[PDB]
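As a starting point, one isolated chain is supplied in structure tokens, in the form deposited in one PDB entry.
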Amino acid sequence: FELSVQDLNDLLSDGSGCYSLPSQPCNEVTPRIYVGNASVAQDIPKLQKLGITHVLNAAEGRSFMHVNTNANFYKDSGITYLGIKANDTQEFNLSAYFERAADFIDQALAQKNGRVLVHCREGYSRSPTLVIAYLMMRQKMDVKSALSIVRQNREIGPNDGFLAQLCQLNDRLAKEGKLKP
């Protein structure tokens, strides 16, 4: 997958072999789907003002790379929570969660007033991966179009492992039917 991952990295990068970091805490990357960092996830009044009804913590844990929230944190806030304890490493199998995460996103967007925040620590690798996979799975986009639309609305940089996993998902979805360019 190396050179296919290299292609996706070429779509993300700034032309100096480097990658831009997010310019804001949170962005609406496609209608009613927000990707953001830990600071927005931990700010319930801010979530409520934004109209966030569902929060997917893709970095649930306790370390410099995690966000130590849980269902209890959101108890009686009106916000429905799902946590995934993913690590932001090339060897973490985030693809094992693509269906679960896509189902959660679908559950939020099925409600016409629903808005979902998918976040990690920085809103840069784990959380965008899950949104990209959702776009591929539930809107039939190929990986390059899905990655491109998210990156147009937030500086992201899925790690190379996650990119390979998205390439593998693209392959799996392409066995069902054609994917939209």
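Heads up, when I say rigid core I mean the largest set of C-alphas that superpose within 1.5 Å between the two forms. Just count from 1 along the sequence shown to find any residue number.
- The higher RMS C-alpha distance to the shown form in 7 other deposited structures of this protein, out of 166 to 174 and 153 to 161, belongs to 166 to 174, with every structure fitted on the core.
- Once the rigid core is used to overlay the structures in 7 other deposited structures of this protein, the stretch among 84 to 92 and 70 to 78 whose CA atoms lie farther from this form is 70 to 78.
- When the C-alpha B-factors of 11 to 19 and 164 to 172 are averaged, 11 to 19 comes out higher.
- Taking the PDB entry as given, 76 to 84 carries the higher mean Cα B factor of the two stretches 95 to 103 and 76 to 84.
- The entry assigns its greatest Cα B factor, within the set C26, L147, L50, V67, to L50.
- Comparing the listed residues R154, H119, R115, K46, the entry records the largest Cα B-factor for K46.
- In the deposited entry, the Cα temperature factor of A38 places it in the middle third of its chain's modelled residues.
- Per-chain ranking of the deposited C-alpha B factor places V143 in the middle third.
Heads up, the form solved in complex with a partner chain isn't pictured, but that's what we're talking about next.
- Shown here without its partner, the chain carries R32, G114 and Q139, none of which come within 4.5 Å of its partner chain in the deposited complex through any heavy atom.
- At the 4.5 Å threshold, heavy atoms of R126 reach its partner chain in the deposited complex.
- Among residues of the shown chain, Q90 is one whose heavy atoms approach its partner chain to within 4.5 Å in the deposited complex.
- Interface membership of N170, defined by any non-hydrogen atom within 4.5 Å of its partner chain in the deposited complex, is ruled out.
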